[PDB]
There are 4 protein chains.
Amino acid sequence: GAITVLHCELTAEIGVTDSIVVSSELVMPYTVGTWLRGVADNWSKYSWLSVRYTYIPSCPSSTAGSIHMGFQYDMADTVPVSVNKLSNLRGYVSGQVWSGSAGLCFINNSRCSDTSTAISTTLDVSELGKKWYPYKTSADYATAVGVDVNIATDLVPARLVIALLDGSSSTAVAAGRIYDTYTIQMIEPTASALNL
Amino acid sequence: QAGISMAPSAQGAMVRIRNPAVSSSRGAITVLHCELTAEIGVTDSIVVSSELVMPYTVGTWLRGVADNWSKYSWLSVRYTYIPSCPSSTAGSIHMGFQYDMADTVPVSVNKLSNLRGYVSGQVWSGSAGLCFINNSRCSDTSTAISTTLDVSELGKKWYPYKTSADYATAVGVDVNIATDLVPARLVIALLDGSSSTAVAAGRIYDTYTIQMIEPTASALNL
Amino acid sequence: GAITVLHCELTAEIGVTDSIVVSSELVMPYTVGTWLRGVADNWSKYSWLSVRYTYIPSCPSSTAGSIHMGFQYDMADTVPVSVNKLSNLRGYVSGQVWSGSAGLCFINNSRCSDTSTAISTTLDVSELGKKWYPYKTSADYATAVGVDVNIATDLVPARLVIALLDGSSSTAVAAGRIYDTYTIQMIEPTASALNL
Amino acid sequence: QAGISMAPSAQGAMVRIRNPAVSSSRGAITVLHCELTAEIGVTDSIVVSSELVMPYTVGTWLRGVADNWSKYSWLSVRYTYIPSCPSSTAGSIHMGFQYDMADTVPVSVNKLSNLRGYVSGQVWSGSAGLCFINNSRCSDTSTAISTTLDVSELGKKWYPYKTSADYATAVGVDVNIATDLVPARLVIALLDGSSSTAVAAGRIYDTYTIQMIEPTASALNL
Ligand SMILES: [Ca+2]
Ligand SMILES: [Ca+2]
Ligand SMILES: [Ca+2]
Ligand SMILES: [Ca+2]
Ligand SMILES: [Ca+2]
Ligand SMILES: [Ca+2]
């Protein structure tokens, strides 16, 4: 009954400016990437076997700026407001917007050489609070969270906080992209139209 | 000697709490400690009280330490009653656990007696449970008024660190939102006393071992 | 130049009521007890080699109530408001107002048998923040502390917080006494009249 | 090869902070950790900045953990600069320590150069200090812009945990009241830049080992 998918897809496009810009992505099928969003909808519940976010650069070596990533686990906790608080989170990694190429091996599965320079981080699936979560659409999530954020705890495993700053322009400059590489188990099918 | 007992005039128990034991394994950090948790007084009518078993409310020290981590798991939680009155004092204490915050709090020792971890005892006894708090070698704990959480049968393993404030708000929307945040609550009942006015009986100490994971600046933790 | 005194004297008389009453004593010569207060004044500075507070009972076995003691080290920190907070402090010990007799051996130096029942606690002289403190009169201390409590840090090593409650009367009932047993080193003499 | 150097277009350093190490010995509890401490930017004119080296201000995590203990002692404190700009960026960074809060903050790299622990470096270099933060095995740290506190020469061993608020008030009465509360302050100067407007240069990470003693409920700690 468990049907397993392994895949790496574009999860977010990154631009860097001269000011801190904190953003976050829920670590659930619907938000992880559009491809998964579409396939996972045909199933009622899932379990993350492995989730790794890897940043791959697209800018010139002359591009100033740094990216910082880390995880949060209680949606009710406040999202880091400074890059300082961010550095306290689990899974913190911080790189420079033009580096990270060695991480490419995580995206195309070829054998990785030295990945100490890859700006990549992974989710601690075993310390998550439950193994089988329900597939949620961001819309429905939003509504729930609107009543009380604590309703999110039963619905989503974690949140990926990203921070970009130290750039040189007041206007966004294309830095790179964050790709997500996951192994997921999907169970109990459903027509997607009913999945909220 | 078998079958004989002598009621003392008063029991004595010298509580001496040792330094908290903290240590980080790989991923998980573990704390072990004891804290005075509640004060107790009896009356002639029954009075039921409850205490949520979550870091924030279990103890004043724990509250501030646990806040630096995102989630936790109880390895062990024990409540022990230590008396502070003479054997001439009337009254009895009763404890037990409830696990669905929406359930009604017991209104009688009869209902109470059916709960998990139920224990009763004269308001003037229980010094035998001292070894649990003091950390000494336990002798005959046969007459101790102490109970413990059935951690393996709890709803889930990892719970999020919550502040009473945020919890209180959640629960205000619907009490069932609590199920996802707190594992259980200790219920305490006292009756069989002689004054219509409360008479100090004793106090309850909490001894726990908790596992904490995934760090976060405290200020962000709600 | 170091002149050493060892002595045990009455430091405080204790009464118990049906409500919590928190009090505190600065762990300095002047407040530790009147005898020491008077002799230590003839010296400019001192160092605590050992300080132990022991409660000895004077009431009937039928006396309800408990005493709780513990130490604080930054005079600026708030004094415990509940017996709960008090139980978090270093050196916490809590006994029942009629017990503690075994502690008598600390007061008259006779060989102690089993002191596990003595309501006694000691000061961690080695973790104090300095070894030689100046002799201060409570008056002068008060003034300093009035400008800013932080001025106390340079003047006093610690504070003994005491809490009495669980009694049976709204009116104080004589429970016992706290005696202090110390070894102190006094240096650099002075006429006492000048010592503030 | 001896005597030859090649300036890169840009240096890269992948920071990855590991789990805090906490453990209780007998009396003392020890923490070891790294936290991002400050953000850096250069201008064409000199700009001096300072950071007190006390738990509250050293790091956002430390701040909340250390608060559960009454006093502390620094076993080690190191500040390491990691760049985030290209080798074409103009600017230099300078660090050093001051120990009497009443002293005037330096107003020039000349005065600054005389301080204890002085270090200078191009605003675009310093990746060699990464091993200090990442905890890797250090290779040639010859070109790292990192400095450390001379803990043995500090004023006293055990300092009280203080909140910036209470500290700020004390210091407001007289700055000399600080001497009794804080061991030293890091001074940071940046100049030699090219814009009148700040240009992001890099950031500073703090790596420390602290000993904490005599527990207290956090709420009481000021
Ligand atoms: Ca659940
Ligand atoms: Ca669904
Ligand atoms: Ca939380
Ligand atoms: Ca001093
Ligand atoms: Ca004097
Ligand atoms: Ca303090």
# chains A, B, ... in the order shown; residues from 1 in each chain; ligands from 1
>>> interface_residues(of="chain B", to="chain A", cutoff="12 Å", atoms="only C-alpha atoms", output="VMD selection string")
chain B and resid 27 to 28 67 to 73 155 to 163 165 to 182 211 to 222
>>> residues_around(residues="residue C:68", least_positions_apart="3", cutoff="10 Å", atoms="only C-alpha atoms", output="PyMOL selection string")
(chain B and resi 15-16) or (chain C and resi 22+83+86-87+92-97+119+161-165)
>>> write_last_selection(atoms="N, CA, C and O atoms", output="JSON list (two decimals), in the first residue's frame")
[["chain", "number", "residue", "atom", "x", "y", "z"],
["B", 15, "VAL", "N", 14.27, 17.18, 53.15],
["B", 15, "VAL", "CA", 14.45, 17.30, 51.71],
["B", 15, "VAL", "C", 15.70, 18.07, 51.39],
["B", 15, "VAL", "O", 15.91, 19.17, 51.88],
["B", 16, "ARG", "N", 16.52, 17.51, 50.52],
["B", 16, "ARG", "CA", 17.76, 18.15, 50.10],
["B", 16, "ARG", "C", 17.95, 17.84, 48.62],
["B", 16, "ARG", "O", 18.34, 16.73, 48.26],
["C", 22, "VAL", "N", 8.86, 35.10, 53.41],
["C", 22, "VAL", "CA", 10.22, 34.98, 52.94],
["C", 22, "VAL", "C", 11.06, 36.08, 53.54],
["C", 22, "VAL", "O", 10.61, 37.22, 53.62],
["C", 83, "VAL", "N", 7.82, 29.48, 47.41],
["C", 83, "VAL", "CA", 8.72, 28.47, 47.91],
["C", 83, "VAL", "C", 9.21, 27.62, 46.72],
["C", 83, "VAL", "O", 10.25, 26.98, 46.78],
["C", 86, "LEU", "N", 12.30, 29.13, 45.35],
["C", 86, "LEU", "CA", 13.28, 28.91, 46.38],
["C", 86, "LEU", "C", 13.89, 27.53, 46.24],
["C", 86, "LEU", "O", 15.11, 27.40, 46.34],
["C", 87, "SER", "N", 13.10, 26.53, 45.88],
["C", 87, "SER", "CA", 13.65, 25.19, 45.76],
["C", 87, "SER", "C", 14.62, 25.02, 44.59],
["C", 87, "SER", "O", 15.19, 23.95, 44.39],
["C", 92, "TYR", "N", 19.61, 24.34, 48.70],
["C", 92, "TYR", "CA", 18.25, 24.15, 49.19],
["C", 92, "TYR", "C", 18.12, 22.97, 50.11],
["C", 92, "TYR", "O", 18.59, 21.87, 49.80],
["C", 93, "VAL", "N", 17.47, 23.20, 51.23],
["C", 93, "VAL", "CA", 17.21, 22.17, 52.21],
["C", 93, "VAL", "C", 15.88, 22.58, 52.81],
["C", 93, "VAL", "O", 15.60, 23.78, 52.96],
["C", 94, "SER", "N", 15.02, 21.62, 53.10],
["C", 94, "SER", "CA", 13.72, 21.93, 53.66],
["C", 94, "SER", "C", 13.38, 20.88, 54.70],
["C", 94, "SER", "O", 13.41, 19.70, 54.43],
["C", 95, "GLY", "N", 13.08, 21.34, 55.90],
["C", 95, "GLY", "CA", 12.78, 20.44, 57.01],
["C", 95, "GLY", "C", 11.48, 20.86, 57.68],
["C", 95, "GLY", "O", 10.89, 21.86, 57.31],
["C", 96, "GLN", "N", 11.11, 20.18, 58.76],
["C", 96, "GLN", "CA", 9.84, 20.40, 59.51],
["C", 96, "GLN", "C", 10.23, 21.00, 60.83],
["C", 96, "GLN", "O", 11.14, 20.52, 61.49],
["C", 97, "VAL", "N", 9.59, 22.11, 61.18],
["C", 97, "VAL", "CA", 9.93, 22.91, 62.37],
["C", 97, "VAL", "C", 10.23, 22.26, 63.70],
["C", 97, "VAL", "O", 10.78, 22.94, 64.57],
["C", 119, "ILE", "N", 18.78, 20.02, 59.61],
["C", 119, "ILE", "CA", 18.37, 21.01, 58.61],
["C", 119, "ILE", "C", 19.50, 22.02, 58.60],
["C", 119, "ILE", "O", 19.46, 23.03, 59.31],
["C", 161, "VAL", "N", 18.43, 32.99, 51.75],
["C", 161, "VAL", "CA", 16.99, 33.17, 51.69],
["C", 161, "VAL", "C", 16.34, 32.11, 52.56],
["C", 161, "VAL", "O", 16.66, 30.92, 52.44],
["C", 162, "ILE", "N", 15.42, 32.53, 53.42],
["C", 162, "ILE", "CA", 14.71, 31.63, 54.33],
["C", 162, "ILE", "C", 13.22, 31.79, 54.08],
["C", 162, "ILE", "O", 12.76, 32.91, 53.84],
["C", 163, "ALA", "N", 12.47, 30.69, 54.15],
["C", 163, "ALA", "CA", 11.02, 30.76, 53.95],
["C", 163, "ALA", "C", 10.36, 29.88, 54.99],
["C", 163, "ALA", "O", 10.80, 28.74, 55.21],
["C", 164, "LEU", "N", 9.34, 30.41, 55.64],
["C", 164, "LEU", "CA", 8.61, 29.66, 56.65],
["C", 164, "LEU", "C", 7.14, 29.69, 56.36],
["C", 164, "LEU", "O", 6.57, 30.76, 56.15],
["C", 165, "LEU", "N", 6.52, 28.53, 56.38],
["C", 165, "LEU", "CA", 5.11, 28.47, 56.07],
["C", 165, "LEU", "C", 4.53, 27.17, 56.57],
["C", 165, "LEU", "O", 5.18, 26.44, 57.31]]
>>> residues_around(residues="stretch 10-18 of chain C", least_positions_apart="2", cutoff="8 Å", atoms="only C-alpha atoms", output="list in words")
residues 200 of chain B; 8, 20, 32, 33, 34, 65, 164, 165, 166, 167, 168, 169, 170, 171, 172, 173, 174, 175, 176, 177, 178, 179 and 180 of chain C
>>> write_last_selection(atoms="C-alpha atoms", output="tab-separated table (two decimals), in the first residue's frame")
chain	number	residue	atom	x	y	z
B	200	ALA	CA	-1.73	23.17	55.62
C	8	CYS	CA	28.98	29.17	66.35
C	20	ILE	CA	4.60	32.06	53.51
C	32	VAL	CA	25.72	36.88	60.53
C	33	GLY	CA	25.37	37.41	64.28
C	34	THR	CA	26.00	40.05	66.92
C	65	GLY	CA	5.16	23.94	59.60
C	164	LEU	CA	8.61	29.66	56.65
C	165	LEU	CA	5.11	28.47	56.07
C	166	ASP	CA	2.61	25.64	56.50
C	167	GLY	CA	2.12	26.63	60.12
C	168	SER	CA	-1.25	26.35	61.80
C	169	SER	CA	-1.70	29.78	63.30
C	170	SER	CA	-2.32	33.18	61.74
C	171	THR	CA	-0.15	34.36	64.60
C	172	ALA	CA	3.52	33.42	64.87
C	173	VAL	CA	4.37	30.37	66.91
C	174	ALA	CA	7.95	29.93	68.14
C	175	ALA	CA	9.50	27.17	66.03
C	176	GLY	CA	13.23	27.34	66.51
C	177	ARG	CA	16.50	29.17	65.88
C	178	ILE	CA	19.11	29.32	63.16
C	179	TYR	CA	22.68	29.24	64.43
C	180	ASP	CA	25.64	30.06	62.24
>>> residues_around(residues="residue A:50", least_positions_apart="3", cutoff="8 Å", atoms="only C-alpha atoms", output="list in words")
residues 122, 123, 125, 181, 182, 183 and 184 of chain A
>>> residues_around(residues="residue B:144", least_positions_apart="6", cutoff="7 Å", atoms="only C-alpha atoms", output="ChimeraX atom specification")
/B:126-129
>>> closest_residue(among="D:24, D:80, D:87, D:50", to="residue D:208", atoms="only C-alpha atoms")
D:80
>>> atom_distance(atom1="atom CA of residue D:106", atom2="atom CA of residue D:190")
11.9 Å
>>> closest_residue(among="D:42, D:85, D:31, D:199", to="chain B", atoms="only C-alpha atoms")
D:31
>>> decode(residues="stretch 170-182 of chain D", atoms="C-alpha atoms", output="CSV table (one decimal), in the first residue's frame")
chain,number,residue,atom,x,y,z
D,170,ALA,CA,23.9,50.5,36.6
D,171,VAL,CA,26.2,52.0,34.1
D,172,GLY,CA,23.9,55.0,33.8
D,173,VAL,CA,24.5,55.8,37.5
D,174,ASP,CA,28.3,55.6,36.9
D,175,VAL,CA,30.1,53.7,34.2
D,176,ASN,CA,32.6,52.4,36.8
D,177,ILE,CA,29.9,50.2,38.2
D,178,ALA,CA,30.4,48.1,35.0
D,179,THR,CA,33.9,47.0,36.1
D,180,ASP,CA,32.3,44.8,38.7
D,181,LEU,CA,29.9,43.2,36.1
D,182,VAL,CA,31.6,42.7,32.8
